[PDB]
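Trainee: how would this look folded up:
(8 chains, ligands or ions: 9)
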Amino acid sequence: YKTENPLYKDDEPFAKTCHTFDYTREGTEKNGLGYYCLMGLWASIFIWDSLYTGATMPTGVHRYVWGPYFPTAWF
Amino acid sequence: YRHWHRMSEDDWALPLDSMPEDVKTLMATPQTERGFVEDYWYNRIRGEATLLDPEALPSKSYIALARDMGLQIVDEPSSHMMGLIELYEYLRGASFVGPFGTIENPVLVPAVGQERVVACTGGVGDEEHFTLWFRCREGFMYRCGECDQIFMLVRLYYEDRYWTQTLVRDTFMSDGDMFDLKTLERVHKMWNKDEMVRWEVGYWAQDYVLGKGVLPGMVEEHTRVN
Amino acid sequence: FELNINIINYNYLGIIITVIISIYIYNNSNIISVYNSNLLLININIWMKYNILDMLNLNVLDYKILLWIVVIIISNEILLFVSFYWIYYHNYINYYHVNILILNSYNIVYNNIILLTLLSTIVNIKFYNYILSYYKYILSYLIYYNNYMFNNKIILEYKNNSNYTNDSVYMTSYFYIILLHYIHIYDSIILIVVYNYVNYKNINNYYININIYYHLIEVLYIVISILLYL
Amino acid sequence: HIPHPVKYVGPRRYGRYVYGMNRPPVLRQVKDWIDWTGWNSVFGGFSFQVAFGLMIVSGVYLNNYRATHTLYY
Amino acid sequence: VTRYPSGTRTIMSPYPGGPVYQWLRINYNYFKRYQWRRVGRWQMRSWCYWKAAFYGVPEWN
Amino acid sequence: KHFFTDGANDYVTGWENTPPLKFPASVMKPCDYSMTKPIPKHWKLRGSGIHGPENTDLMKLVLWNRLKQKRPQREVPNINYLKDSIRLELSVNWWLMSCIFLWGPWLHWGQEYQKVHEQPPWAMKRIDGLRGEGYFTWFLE
Amino acid sequence: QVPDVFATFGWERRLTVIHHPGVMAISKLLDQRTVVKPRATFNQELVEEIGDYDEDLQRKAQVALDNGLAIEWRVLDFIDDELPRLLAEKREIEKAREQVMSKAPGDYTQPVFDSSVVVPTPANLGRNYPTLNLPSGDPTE
Amino acid sequence: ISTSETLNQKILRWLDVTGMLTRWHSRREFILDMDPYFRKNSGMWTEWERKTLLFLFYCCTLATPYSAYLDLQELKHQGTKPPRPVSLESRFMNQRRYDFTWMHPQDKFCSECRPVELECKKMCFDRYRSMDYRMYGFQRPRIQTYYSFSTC
Ligand SMILES: CCCCCCCCCCCCCCCCCC(=O)OC[C@H](COP(=O)([O-])OCC(O)COP(=O)([O-])OC[C@@H](COC(=O)CCCCCCCCCCCCCCCCC)OC(=O)CCCCCCCCCCCCCCCCC)OC(=O)CCCCCCCCCCCCCCCCC
Ligand SMILES: CCCCCCCCCCCCCCCCCC(=O)OC[C@H](COP(=O)([O-])OCC(O)COP(=O)([O-])OC[C@@H](COC(=O)CCCCCCCCCCCCCCCCC)OC(=O)CCCCCCCCCCCCCCCCC)OC(=O)CCCCCCCCCCCCCCCCC
Ligand SMILES: CCCCCCCCCCCCCCCCCC(=O)OC[C@H](COP(=O)([O-])OCC(O)COP(=O)([O-])OC[C@@H](COC(=O)CCCCCCCCCCCCCCCCC)OC(=O)CCCCCCCCCCCCCCCCC)OC(=O)CCCCCCCCCCCCCCCCC
Ligand SMILES: CCCCCCCCCCCCCCCCCC(=O)OC[C@H](COP(=O)([O-])OCC(O)COP(=O)([O-])OC[C@@H](COC(=O)CCCCCCCCCCCCCCCCC)OC(=O)CCCCCCCCCCCCCCCCC)OC(=O)CCCCCCCCCCCCCCCCC
Ligand SMILES: CCCCCCCC/C=C/CCCCCCCC(=O)OC[C@H](COP(=O)(O)OCCN)OC(=O)CCCCCCC/C=C/CCCCCCCC
Ligand SMILES: CCCCCCCC/C=C/CCCCCCCC(=O)OC[C@H](COP(=O)(O)OCCN)OC(=O)CCCCCCC/C=C/CCCCCCCC
Ligand SMILES: CCCCCCCC/C=C\CCCCCCCC(=O)OC[C@H](COP(=O)(O)OCCN)OC(=O)CCCCCCC/C=C/CCCCCCCC
Ligand SMILES: CCCCCCCCCCCCCCCC(=O)OC[C@H](COP(=O)(O)O)OC(=O)CCCCCCCCCCCCCCC
Ligand SMILES: [Zn+2]
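Mentor: Numbers count the residues shown, from 1 in each chain, chains lettered A, B, ... in the order given. Ligands and ions are numbered 1, 2, ... in the order given. You can find the structure just below:
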């Protein structure tokens, strides 16, 4: 006969009834890419604030190749 | 039931030390005169004596076989009583939900006493109304003043007693032919020989019939330090 | 059938315990208070005896009721610490520029964190054994050694500190927050001294309570360590 | 809870210990153990100290070295 | 296959060990099992907080 | 899991709302009679009709929940369950390892540097003439 | 005709259900742990895994597998001596199964076989096996 | 030296002097090391649970010596704590409305000293001793007593 080691079997599913438990569409099982992006931004802000102290006090002279109403100027 | 705790060790079997030492009188006592411990060992001794005799089982009718094991044959009266007992026990820790009650099929409200408090919540959906509590007393067909649902009290009563599993057994089960101690001895020798004891309840039971501490090793078995 | 609950009709410990409390107020000697505290300990033990005897009722909801009571107690302990943190941070604007020596961030914090982490690991192993229906004798004595070091370190720190409660609100809050944590460590000693193996196992409320409580004490110290030492 | 299979894909048995013969390299054994018991506990346990250590020790460059070379006065 | 007394022979090496090693292994095994664990057995059995709760309570029939 | 929950982590009584998936539907099934076809008018109500042990599935659920409590061998769970049972224990152990082998070395290094240079290696050196170690957590300055 | 019976479980808290009298008889028979015995059947893969935990059992388990024996674990410890009886026992059990299965319906006569080699049976109740949990080797060697 | 084993086997043997490695690699050796009452339940353990338990147990015990070393260094540090400058009594420093007596409501020992101000108490105890009233403490040189953690 043939057998499966219980330790490596898959988790049993929730029973399908009138009262069925379902977590498949919740998206709460694990941290997603958005969470790891927040971590990346936190690291970037932490490094950036220390590296460039004058960033919070930017220069006021404005020089635009295509003026201030051109999209590249805004960013 | 969900409101019961874990099964105890006794819920499965009893220790042999609880076996009554006067086995000869135990097997002759009528069922109505046997206590919980006495009844347990009467059934186990008599039940295992028939089950440990393979050559006789095929020729034994189910009625006789059920009697030997102490199992009660079901009939409409006994089934009715047992069913209402379990419903009462279930409702101790479970919700009370069922079909809408009418004159033809009143809501059944099991009770041991003459009275039990009940609430009516109306029908389903919009027909459901606020809880209306009332005292459901025996002998009246109660009608909710709001939804006109019909309630009735069912009493688990019988001859100055309330229905219990033991009461049902005593009322309906009939003692058969008196247990023969020769069968106990015959089965005892079948499974217990030359220091091998594969039928231990019979070994103890046979020892008690012979007095106490007669069979090999039983004196050492009964000697305790505390 | 039977009643859902086996009612308790009478009790006399409540009167004794309440009177014991009053004796603290009406004392004329602090020696009476010391002996009064022993009476309180004795009578509280009797109350714990009644809880164990209630197991005979075989009531499924008894475990749940006590567990949620502990949850409420844990919340009260957390909120009590919050008030001390509130007191500490209210005067934050007056700290760090007064002529007092604040604690170092290298020695005390590291060894205490390491020491208290070991305490958590010991309790975790106790929980694992409790899951496996198993026991290890040495574990309890590791806790006692752990508690011995904690007492020895805290006693020396207070005695060798060169600033006093009356020097500044900073010092008062430091001493008080550290004492409050110690008292909760001592309460843990009170609980853990009776740890044994009971054969009814996972229906024993004591095991889950001890695991929750020890975890709370350790996490509270992390907050204290960040606030005061780091 | 979402049911899911066991992710462990390493060897399930090394065989009976016979004076440490016919067994994998030590580093491979350490990797197998963590696979068997779960990397999630490792990452969670080490995450706090790694975050604190990096933040403090990064100041050696961010706070000390850069500041000396970047002071407009 | 030869079975040695539990805790007396190592399985890590084919060589049982030298006299000092054997003395340390045998005597720690004895000290743990028959000397140190006396204290634990004494605390677990003779001073159980939960047993003391049922002292004087009638037996359960 | 550590905490007791009546619905999921019910280890005090072991009650389970549904039977195991091993049993065939004929042997035992979850208690669901929501799909029962309409009752013919000529049928008459014999039982109470009340939700309870008269229903076969509920009776079998109650029976199994009591008789499952004795089993010859363990019902071995998969490694995923075993990991979850001691998730906190394993993580606290790894946290202890991190404190010993990560925090300890750099904390020791900082104190040694502080001895020679009067301030931790992760702090700006002062020019104001005040003596002492100064701050430790630089990013909270 | 098979009458229905009440089956009750529990000592102080008693649960009653309707059951098959024959099934209950089998249930109580299987509770006679000294009479009705569980027996193990091996496969090559499982036998190999046993060696990881008990080398001696692996060798004895291999013998049982090679002869296709369903064997009790206690007997397996003495398979070196019990093998000739176990082979004889296997043949007698197979003979009895063939006879009873092949018999026409309603024929409940006992099978014809040599019960002296089948254990546990009234003809042979088995041997008093001594415990093998004792050490034989000297630690200092 | 013994040449009947490899170097790795020799190292493993000595690390196994208390049997830790043997119990890890043998289920039988582990269960037999349990006391009989708890060995009854050992059959239900999976190998994953057994080895995981040992891993947690060994990590804890192996880390205890390290914590002891840290505690000893802490005790030595406190035993020889360098003196600090005497505090200048600033605007809001050392404010008192009443004497310190909460420790001794009736005896009122060292009413002027703070609860853990050892040097103040020492001089206060000396006054009481000079008044023929005994008091315990502060009399033995630190280097002449055990467990002081102040010896050279
Ligand atoms: C040639 C010999 C070489 C020896 C080298 C030294 C080795 C010393 C090892 C000491 C380890 C102590 C660990 C303490 C934590 C608790 C351990 C534990 O759980 O025990 C359970 C164990 C059994 O418990 P159980 O409940 O029955 O069973 C539970 C399990 O089921 C079953 O439990 P288990 O069997 O799995 O237990 C595993 C293990 C778990 O723990 C570990 O494995 C941790 C190992 C940590 C290593 C620490 C080494 C420290 C050495 C430092 C040296 C520094 C020198 C500096 C020099 C400076 C120069 C300027 O526990 C033990 O084995 C503990 C030690 C048992 C000895 C008991 C007998 C009394 C003490 C004998 C000491 C002999 C020393 C000889 C030295 C000779 C040198 C040539 O408990 C006991 O045996 C009872 C209590 C006593 C145990 C602690 C004894 C402490 C002895 C310390 C000796 C070293 C002192 C160094 C001083 C240096 C000053 C400068
Ligand atoms: C920056 C670096 C430094 C960081 C420092 C951090 C410092 C943190 C300090 C924390 C101190 C320690 C506290 C916890 C000690 C125990 C630890 C432990 O054993 O953990 C492992 C263990 C893990 O459990 P497990 O079952 O093995 O879980 C397995 C898996 O994890 C998966 O489990 P699962 O997900 O399947 O779920 C099962 C488990 C999952 O649960 C847990 O495992 C709990 C884990 C908590 C860990 C602590 C994280 C921090 C929580 C912060 C909460 C903030 C509350 C809001 C504050 C607002 C302020 C304005 O459920 C339970 O165990 C149920 C426990 C009972 C909960 C009762 C909650 C009552 C309060 C409800 C909210 C009240 C406000 C309502 C407002 C809205 C009104 C409309 O946790 C427990 O079993 C602990 C439960 C017993 C203690 C509960 C204490 C509740 C206190 C409630 C306070 C409410 C105050 C409300 C007023 C406030 C404003 C005035
Ligand atoms: C050309 C220029 C180029 C320039 C290049 C520059 C390069 C720069 C590189 C920068 C790199 C940045 C990277 C950012 C992205 C990160 C992505 C990532 O992985 O994020 C997620 C990652 C991990 O998150 P995750 O994925 O969710 O974790 C996975 C888990 O396995 C989830 O699984 P789990 O949930 O199952 O986990 C286990 C969990 C399972 O839970 C359970 O089992 C259930 C119960 C849970 C509740 C527990 C209740 C309480 C328990 C009681 C027991 C306590 C024991 C301890 C007691 C202690 C007593 C003292 O249990 C636990 O974890 C908790 C129990 C374990 C022990 C807890 C110990 C206490 C914790 C609280 C205190 C923490 C503070 C301590 C402070 C120190 C001490 C005071 O997050 C982080 O690592 C945080 C991000 C940090 C960012 C820092 C940025 C600043 C630093 C920059 C440094 C470099 C700058 C150098 C200069 C450059 C100049 C140019
Ligand atoms: C604060 C300062 C630093 C403090 C650091 C503290 C560190 C504490 C670590 C503690 C570790 C315990 C290790 C236990 C090893 C047990 C094995 C063993 O050695 O058994 C031998 C042997 C076994 O015999 P057997 O079992 O019959 O074997 C016969 C077989 O046929 C043949 O079978 P076999 O061949 O297998 O048996 C022999 C085999 C047995 O051994 C092995 O094969 C070992 C295999 C397992 C190894 C696993 C790792 C063990 C743990 C390592 C810990 C490393 C610590 C590193 C510390 C660094 C500190 C900087 O090989 C050996 O015997 C080699 C032993 C190697 C010992 C290494 C000692 C290094 C000392 C370094 C000192 C550095 C000082 C720096 C100062 C700087 C100042 C500026 O019996 C003993 O253990 C003998 C005990 C009696 C010893 C008497 C010692 C007398 C000392 C007199 C001193 C007088 C001073 C006067 C001063 C005057 C001033 C004016
Ligand atoms: C001043 C700050 C506070 C300190 C002063 C004293 C405060 C005293 C208040 C004590 C409150 C106690 C509340 C307890 C609620 C939880 C009870 C509980 O779960 O106990 C049961 C639980 C498990 O029992 P089982 O039988 O398995 O199951 C129970 C039934 N299912 O048992 C335990 O918790 C065991 C407890 C053992 C240790 C008892 C120690 C008592 C300590 C009292 C301290 C008094 C000190 C007084 C000092 C006064 C001067 C400062
Ligand atoms: C072919 C390529 C080979 C490359 C090999 C690379 C080898 C690199 C080895 C690096 C070793 C680094 C060791 C650092 C140890 C520092 C120990 C230390 O500071 O101890 C003190 C401190 C406690 O001191 P306190 O006085 O209390 O002060 C702090 C709290 N108040 O204790 C600790 O830190 C204990 C923790 C020890 C950490 C040990 C780290 C070991 C790292 C090994 C790395 C090996 C890498 C190998 C790479 C191989 C690539 C082929
Ligand atoms: C067999 C004997 C065993 C004895 C040992 C084991 C048991 C130990 C029990 C736990 C002990 C916990 C003690 C808690 C109080 C500690 C007091 C303390 O340290 O206070 C001082 C510390 C810092 O002070 P400084 O000296 O200025 O620090 C300068 C450093 N050189 O903090 C304080 O001053 C605050 C003091 C708060 C004390 C609160 C304790 C409760 C006292 C209540 C008294 C009530 C009396 C009135 C009548 C009612 C009686 C109930
Ligand atoms: C009562 C007090 C409690 C303590 C105080 C809490 C205050 C803050 C609490 C916030 C919530 C905490 C949990 C967050 C969980 C999480 O990460 O949640 C992760 C989620 C994504 O979820 P999933 O990945 O799981 O699907 O992220 C988000 O929804 C938002 C964070 C992602 C990144 C946002 C980017 C912000 C951009 C800002 C501008 C940057 C400019 C850069 C210029 C170069
Ligand atoms: Zn109504």
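
Trainee: Okay, helices next: where are they in chain E?
Mentor: Along chain E, counting by DSSP state H, helices occupy E:19-30, E:37-46, E:49-53.

Trainee: anything in the longest one near chain C?
Mentor: No - against chain C, helix E:19-30 shows no contacts by Cβ under 8 Å from any Cβ of the partner chain, the least distance being 13.2 Å. C-betas here are computed from N, CA, C, even on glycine.

Trainee: That helix close to chain G?
Mentor: Yes - if you take Cβ under 8 Å from any Cβ as the test, helix E:19-30 does meet chain G, through E:22, E:25, E:26.

Trainee: Can you show me the CA trace of that helix as PDB?
Mentor: Presented in PDB, the C-alpha positions along helix E:19-30 are these (Å, rounded to 0.1, in the frame of the first residue of the first chain):
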ATOM      1  CA  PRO E  19      38.300   7.400  31.800                       C
ATOM      2  CA  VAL E  20      37.600  11.000  32.700                       C
ATOM      3  CA  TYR E  21      34.900  11.400  30.000                       C
ATOM      4  CA  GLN E  22      33.200   8.100  31.000                       C
ATOM      5  CA  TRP E  23      33.200   9.200  34.700                       C
ATOM      6  CA  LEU E  24      31.700  12.600  33.800                       C
ATOM      7  CA  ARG E  25      29.000  11.000  31.600                       C
ATOM      8  CA  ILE E  26      28.000   8.300  34.000                       C
ATOM      9  CA  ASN E  27      28.000  10.500  37.100                       C
ATOM     10  CA  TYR E  28      26.000  13.300  35.600                       C
ATOM     11  CA  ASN E  29      23.500  10.800  34.400                       C
ATOM     12  CA  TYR E  30      23.300   9.500  38.000                       C
END
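
Trainee: how about that helix: buried residues?
Mentor: E:21, E:22, E:25, E:26, E:29 (16 or more other Cβ atoms under 10 Å in any protein chain shown).

Trainee: Find the closest residue to ligand 7 in chain H.
Mentor: residue H:116 (3.0 Å; Cβ to the nearest ligand atom).

Trainee: and that residue, that's in a strand?
Mentor: No - membership of residue H:116 in a strand is not supported by DSSP: H, G, I helix; E, B strand; the rest coil, which gives coil.

Trainee: give me the number of residues near residue A:68?
Mentor: The tally of other residues near residue A:68 (other Cβ atoms under 10 Å in any protein chain shown) stands at 9.

Trainee: Point out the residues in chain E that sit beside chain C.
Mentor: Proximity of chain E to chain C, by Cβ under 8 Å from any Cβ, involves residues E:36-37, E:39-41, E:43-44, E:48-50, E:52-54, E:57, E:60.

Trainee: Pick out the most distant pair among the residues you listed.
Mentor: Longest distance between any two of the residues of chain E next to chain C is 35.4 Å, between E:36 and E:60; criterion Cβ to Cβ.

Trainee: Give the residue from these two that has the larger number of neighbours.
Mentor: residue E:36 (15 against 7).

Trainee: what about dumping the CA coordinates of stretch B:110-123 to PDB?
Mentor: C-alpha atoms of stretch B:110-123 as PDB (Å, rounded to 0.1, in the frame of the first residue of the first chain):
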ATOM      1  CA  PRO B 110     -40.900  20.500  27.600                       C
ATOM      2  CA  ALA B 111     -40.800  21.000  31.300                       C
ATOM      3  CA  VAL B 112     -40.300  18.900  34.500                       C
ATOM      4  CA  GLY B 113     -42.400  21.100  36.700                       C
ATOM      5  CA  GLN B 114     -45.900  22.500  36.200                       C
ATOM      6  CA  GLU B 115     -44.600  25.800  34.800                       C
ATOM      7  CA  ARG B 116     -41.900  27.200  32.500                       C
ATOM      8  CA  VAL B 117     -41.200  30.800  31.300                       C
ATOM      9  CA  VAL B 118     -41.500  31.200  27.500                       C
ATOM     10  CA  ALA B 119     -41.100  34.100  25.100                       C
ATOM     11  CA  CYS B 120     -42.900  34.600  21.800                       C
ATOM     12  CA  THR B 121     -41.000  36.500  19.000                       C
ATOM     13  CA  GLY B 122     -43.700  36.100  16.300                       C
ATOM     14  CA  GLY B 123     -43.100  34.800  12.800                       C
END
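
Trainee: check whether it contacts chain F.
Mentor: No - using Cβ under 8 Å from any Cβ, stretch B:110-123 stays clear of chain F, coming no nearer than 8.7 Å.

Trainee: for stretch D:38-55, same thing?
Mentor: Yes - against chain F, stretch D:38-55 shows contacts by Cβ under 8 Å from any Cβ at D:38, D:40-42, D:44-46, D:48-50, D:52-53, D:55.

Trainee: how far out from the middle of the chain is that stretch?
Mentor: Its chain's C-alpha centre and that of stretch D:38-55 lie 8 Å apart, by Cα atoms, centre = their mean, to the nearest Å.
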